[PDB]
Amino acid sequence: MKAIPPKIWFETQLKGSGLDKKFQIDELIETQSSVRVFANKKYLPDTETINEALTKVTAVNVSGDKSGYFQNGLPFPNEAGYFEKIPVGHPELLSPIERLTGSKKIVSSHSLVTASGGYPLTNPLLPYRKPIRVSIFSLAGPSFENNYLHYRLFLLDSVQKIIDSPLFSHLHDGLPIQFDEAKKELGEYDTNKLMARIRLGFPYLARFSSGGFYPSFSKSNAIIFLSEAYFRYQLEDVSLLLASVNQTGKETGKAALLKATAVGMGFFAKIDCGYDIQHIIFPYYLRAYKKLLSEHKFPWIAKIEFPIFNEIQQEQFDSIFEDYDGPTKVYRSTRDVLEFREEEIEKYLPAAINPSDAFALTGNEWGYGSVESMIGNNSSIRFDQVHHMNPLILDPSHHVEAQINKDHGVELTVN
């Protein structure tokens, strides 16, 4: 098996997919032109930092680095821990920490969309009579699929007994940092105002200092979830997103109908790939929207529709927003992220979150294996948001620097 050149490899998948044949050149000039990269200053300070996060990635990646392909087309090795051991400054690939910081960007494009649906298998693929254009905002939520990404920010266990993470210090300011000190501040109790133990149903989630999770009854090896750190992280992600979408609404003179996909609540929510913690983290994702929308004016966001299909999240959403009277209209649906009506497309900017991967090319899998891959097959995003096809994504002209204040207001600087 011979490594083929990355750009040629990509163009091959495009012809095998039939995506090369779905759009005309005149439109793709427009969609590719509309690409923007909203980067958080604190983590992506330079044009060099940004372009590295956009490019030093695998082509296809699932199961938290267990399976996939590099950009040259070759499969992932069989040595486990390979990607855990990628160092900062590797010639071609992001380290774990660079994957955490590289997550603090949003890549948008006003992309053509030819169908809605296709994932999951129960959600039928529906062609649009005429292709519409949706402003697709790619954001990589926290991943918990392995133990060396956002696990090391938000969980305390006796294997990595304390966090140890500069450049993310602010997330823990006031919060405990060591496991057994964390045990003792909680003492007799399971939750406090900054952290909580995890229970999927009735028993607790614990990790052997071997490595390996098991259901023990909150004894010495019960893991503790750093709730407040996670919420502070979400406020950064959601701040950036609302600002990005607002600024795009303004620049097009239309208010957005934003499809607020449940970023992070699917594959990324399964510790290892078995233990679903979605029911624990989703409230903080919603409260991030609640707090920011209550505290800031977004004249260019008409509505935010939350696609929510799970009974728990539906009741969680109704709880968290019962109280909410911010100006921006908020509501939940069971409508596919990419499905809009004609009336909605005429009145508003159609906007959607692409729940993406900070360590694979935009679109990721080429089947209908995820929300992103589904978007990857129903739109021009693989043309608009992949440097192999659209080098404008590496142009500093197309970058937007974002500063997030202590009030979480965001100042956007073109160049």
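Numbering starts at 1 and runs along the sequence shown.
Practice problem: Would you mind comparing 172-180 and 297-305 for me and telling me which has the higher average C-alpha temperature factor in the entry? | Solution: Mean C-alpha B-factor is greater for 172-180.
Quiz item: Which of the two stretches, 207-215 or 246-254, shows the higher mean Cα temperature factor in the record?
Solution: Mean C-alpha B-factor is greater for 207-215.
Quiz prompt | Maximum C-alpha temperature factor, selected from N78, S333, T122, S111 | solution = Highest C-alpha B-factor among the listed options: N78.
Quiz item: Say you rank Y128, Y151, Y189, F268 by Cα B-factor from the PDB entry; which sits at the top?
Solution: When the deposited C-alpha B-factors of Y128, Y151, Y189, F268 are compared, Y189 is largest.
Practice problem: Among all modelled residues of this chain, ranked by Cα B factor, put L28 in the bottom, middle or top third, i.e. lowest, middle or highest. | Solution: Its C-alpha B-factor, which the entry lists for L28, ranks in the highest third among residues of this chain.
Exercise. Rank-wise, by C-alpha B-factor, drop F317 into the lowest, middle or highest third of its chain.
Key: It belongs to the middle third of the chain when residues are ordered by C-alpha B-factor.
Quiz item: By its CA B factor, does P166 count among the lowest, middle or highest third of the modelled residues in the chain?
Solution: Highest third, going by the recorded CA B-factors of the chain.
Quiz item: Based on the entry's values, in what third of the chain does the Cα temperature factor of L394 lie: lowest, middle or highest?
Solution: For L394, the deposited C-alpha B-factor lands in the middle third.
Exercise. Consider only the C-alpha atoms of the modelled residues in this chain, order them by B-factor as the entry records it, and name the third containing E185: lowest, middle or highest.
Key: Highest third.
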